[PDB]
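As given, the protein sequences belong to chains A and B, one line each in that order. 68 is the number of the first residue of the first sequence in UniProt numbering; add one for each residue after it. 7 is the number of the first residue of the second sequence in UniProt numbering; add one for each residue after it. The beta-carbon is built from N, C-alpha and C at its ideal position, and this holds for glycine as well. Heads up, the thing below is written out as structure tokens.
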Amino acid sequence: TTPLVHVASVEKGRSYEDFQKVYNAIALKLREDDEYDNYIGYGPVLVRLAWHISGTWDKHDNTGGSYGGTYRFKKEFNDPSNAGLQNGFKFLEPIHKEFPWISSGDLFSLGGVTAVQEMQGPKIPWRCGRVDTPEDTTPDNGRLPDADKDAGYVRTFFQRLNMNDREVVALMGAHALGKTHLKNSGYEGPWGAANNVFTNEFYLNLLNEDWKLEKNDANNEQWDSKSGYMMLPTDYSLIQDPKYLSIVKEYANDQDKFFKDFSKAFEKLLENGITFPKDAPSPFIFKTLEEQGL
Amino acid sequence: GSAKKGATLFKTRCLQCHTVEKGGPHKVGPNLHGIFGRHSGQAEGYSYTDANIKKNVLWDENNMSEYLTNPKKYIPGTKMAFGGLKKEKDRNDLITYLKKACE
Ligand code: HEC
Ligand code: HEM
């Protein structure tokens, strides 16, 4: 029968401008509720939501993926590796009421694109057309990664999303943003110092800090640097794999490059599993609040 | 502005990288004690990007506020990883706090 086919369908006569408006709403609100999480803002959490809703994809049968906006069903919503994202869901329900035409899938991803651009990351082309799908399309819990693993679980977990080594190392640089919260996941601390602005700190920290493995209070082990940062097993594993390590060095050295691979990957991540007819509009590049005088 | 507010803004947005107490230890960022009245790039035994040194501006509540709005626009090449405070109150509230904390 072959896998399922998910054709992107533009929302009835909407266009860039209709979508630049959604961005602006999201963008502004990130400017407005800036107290969240000790002033980190809603940035990190929205980029994490973007990733989780997309990370359920399975290229073998094409199930999961951003398409269906199924994170909105309890099954998915309640997946334990999804702890803490309710905070991201709430932040956009308002905006959803404002624009009830956009699908759930189009909102969760546009949101991560806004947060990256709004935190000064690179521009991320984006496309619309995700369509909402019945409660039955909800992926079972468990398609998302474990933190407590090594380079090899990582390399393989990612072949399921169809990503290579360079794409996996680039994606991980997103670990420059936010931190881990012990109540959410058993780990605690930030990867770096600028938790809300997008740079390549992730990679300089990985290689310039002095990491020591230790146990947190949740009783898990993590790598702590004297400077107050932490690295999860899966992050550290990036410098123990000879092959991951040369991409990590590239990136610590050249932000533009990182910036270019990340954008290519992040978008590839968000569009996985979706077929765009040859008549759909070219991907959009949205303007920031800065670029609009704000 | 309010210096109780500025205080939480500083604890929330600057503290991860900077101390204000005297003798205070540099972190990612320099110890900010006696910032105001000094030239940019002078803290001792802290390594600054040449960019922070070569801009040499006296830190007065005014050039300081332009800086916080957008650290990379102000001192391109700076390595301080901050997006900036887009809100005047915030800027007021913080500076005022700093004014007082970095005496
Ligand atoms: C890291 C994530 C930081 C955050 C968040 C904040 N600061 Fe920062 N600061 C940081 C660095 C690494 C540096 C030096 C940069 C360089 O290019 O060398 C700075 C520098 C400053 C300065 C200038 C110091 C001087 O000229 O001697 C000031 C006045 C300053 N930082 C203040 C400041 C405030 C008020 C912050 C939050 C609102 C803030 N910093 C965040 C590292 C980091
Ligand atoms: C091996 C794969 C990965 C693992 C095991 C993993 C694990 C984690 C964990 C355990 C946390 C902290 C959760 C919390 O306490 O809230 C986290 C946070 C986060 N993750 Fe990852 N991650 C992976 C890949 C990614 C990717 C590919 C991206 C993005 C493009 C991403 C983006 C983020 C961000 C932005 C945060 C911070 C969220 C916040 O501040 O609330 N992660 N990750």
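Exercise for review: Would you be able to state if there are at least three C-beta pairs under 8 Å between the stretch 201–216 of chain A and the stretch 313–331 of chain A?
Suggested key: The stretch 313–331 of chain A vs the stretch 201–216 of chain A: no contact.
Check your understanding: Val112 (chain A) by DSSP, collapsed to three states: which one?
Key -> Helix, per DSSP.
Practice item. State the start and end residues of the unbroken beta strand (DSSP E) segment that holds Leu280 (chain A). Key: In the DSSP annotation of this structure, the continuous segment of the beta strand (DSSP E) that includes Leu280 (chain A) starts and ends at 278–282.
Exercise for review: Could you list the residues in the stretch 92–120 of chain A with a C-beta less than 7 Å from some C-beta on chain B, going in chain order?
Suggested key: Cβ contacts with chain B come from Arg98, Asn105, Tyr106.
Point to revise | Nearest residue (CA-CA) to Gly110 (chain A), options A:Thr342, A:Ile93, A:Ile352 | key: Residue A:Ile93 is the option with its Cα nearest to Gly110 (chain A).
Practice item. Compute the minimum distance between the beta carbon of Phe88 (chain B) and the heavy atoms of the ligand HEC, and state whether it is under 6 Å. Key: Checking the 6 Å criterion, the Cβ of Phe88 (chain B) is within range of a heavy atom belonging to the ligand HEC.
Review point. Quick one: does the C-beta of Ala214 (chain A) sit closer than 6 Å to a heavy atom of the ligand HEM?
Key: Annotation for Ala214 (chain A) indicates a beta carbon within 6 Å of some heavy atom of the ligand HEM.
Review point. Which term fits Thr342 (chain A), buried or exposed, when burial requires 16 or more other beta carbons within 10 angstroms of its beta carbon?
Key: Classification for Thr342 (chain A): exposed.
Review point. So with Cβ pairs under 7 Å, would you call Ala332 (chain A) a contact of chain B?
Key: Cβ-Cβ to chain B under 7 Å: no for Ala332 (chain A).
Exercise for review: Would you decide whether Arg98 (chain A) is buried or exposed? Buried here means 16 or more other CB atoms lie within 10 Å of its CB.
Suggested key: Label assigned to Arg98 (chain A): exposed.
Review point. What are the start and end residues of each continuous alpha helix (DSSP H) run of 4 or more residues lying completely inside the stretch 143–177 of chain A, in chain order?
Key: Taking 4 residues as the minimum length, the alpha helix (DSSP H) runs contained wholly in the stretch 143–177 of chain A are 153–165, in order along the chain.
Practice item. Take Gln187 (chain A) and list the residues in its own chain whose beta-carbon comes closer than 6 Å to its own, dropping the five residues that flank it on each side. Key: Taken in chain order, the residues that qualify are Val264, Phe265.
Exercise for review: Go ahead and pull the three-state DSSP assignment for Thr342 (chain A).
Suggested key: Collapsing the DSSP output to three states places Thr342 (chain A) in a strand.
**Study point:** Three-state secondary structure assigned by DSSP to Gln289 (chain A)
**Key:** Of the three classes helix, strand and coil, the one that applies to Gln289 (chain A) here is strand, per DSSP.
Review point. Which two residues bound the contiguous alpha helix (DSSP H) that contains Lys78 (chain B)?
Key: Looking at the DSSP string, the run of the alpha helix (DSSP H) that includes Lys78 (chain B) is 77–80.
Review point. Got a sec: does the ligand HEC put a non-hydrogen atom nearer than 6 Å to the Cβ of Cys108 (chain B)?
Key: Incorrect: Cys108 (chain B) has no Cβ contact closer than 6 Å to the ligand HEC.
Check your understanding: Considering only the beta carbon of each residue, do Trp124 (chain A) and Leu228 (chain A) sit closer than 7 Å?
Key -> Yes, the pair counts as a contact, with Cβ atoms nearer than the cut-off.
Review point. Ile93 (chain A) lies in the alpha helix (DSSP H); which residues open and close that run?
Key: Where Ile93 (chain A) is concerned, the enclosing alpha helix (DSSP H) stretches over 83–99.
**Study point:** Within chain B, partners of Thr266 (chain A) - CB distance below 7 Å
**Key:** Ordered by position in chain B, the residues that pass the 7 Å Cβ test against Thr266 (chain A) are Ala87.
Exercise for review: Kindly examine the ligand SAM and report whether one of its heavy atoms sits closer than 6 Å to the Cβ of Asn263 (chain A).
Suggested key: With respect to small molecules bound, the structure shown includes the ligand HEC and the ligand HEM and not the ligand SAM.
Review point. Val77 (chain A) to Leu159 (chain A), Cα distance in whole Å?
Key: Looking at the two C-alpha atoms, the distance is approximately 20 Å.
Practice item. Determine, using beta-carbon pairs with one atom in the stretch 101–109 of chain B and one in the stretch 11–25 of chain B, whether at least three such pairs fall under 8 Å. Key: Segments in contact, yes.
Review point. Where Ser349 (chain A) and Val74 (chain A) are concerned, what is the direct C-alpha to C-alpha distance, given to the nearest angstrom?
Key: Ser349 (chain A) and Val74 (chain A): Cα-Cα distance of roughly 15 Å.
Check your understanding: Shorter than 7 Å from the beta carbon of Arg97 (chain B) to some beta carbon of chain A?
Key -> Chain A, which has no Cβ nearer than 7 Å to the Cβ of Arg97 (chain B), makes this no.
**Study point:** Contained alpha helix (DSSP H) runs [length at least 4] in the stretch 209–237 of chain A, N- to C-terminal order
**Key:** The qualifying runs are 218–226.
Review point. By DSSP, does residue 363 (chain A) sit in helix, in strand, or in coil?
Key: Given a span of 68 to 361 for chain A in the structure shown, any question on residue 363 (chain A) remains unanswerable.
Practice item. May I have the straight-line CA-CA distance separating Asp284 (chain A) from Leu21 (chain B), to the nearest angstrom? Key: Going by the C-alpha atoms only, they are around 23 Å apart.
Review point. Short check: CB of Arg197 (chain A) to CB of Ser170 (chain A), under 7 Å?
Key: Judged by their CB atoms, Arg197 (chain A) and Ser170 (chain A) are nearer to each other than the 7 Å cut-off.
Exercise for review: Would you mind telling me which residues of chain B sit closer than 7 Å to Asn263 (chain A), beta carbon to beta carbon, in chain order?
Suggested key: Within chain B, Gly89 have C-beta atoms less than 7 Å from the C-beta of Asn263 (chain A), given in sequence order.
Review point. So what does DSSP say about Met86 (chain B), is it helix, strand or coil?
Key: When DSSP states are grouped into helix, strand and coil, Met86 (chain B) belongs to the coil group.
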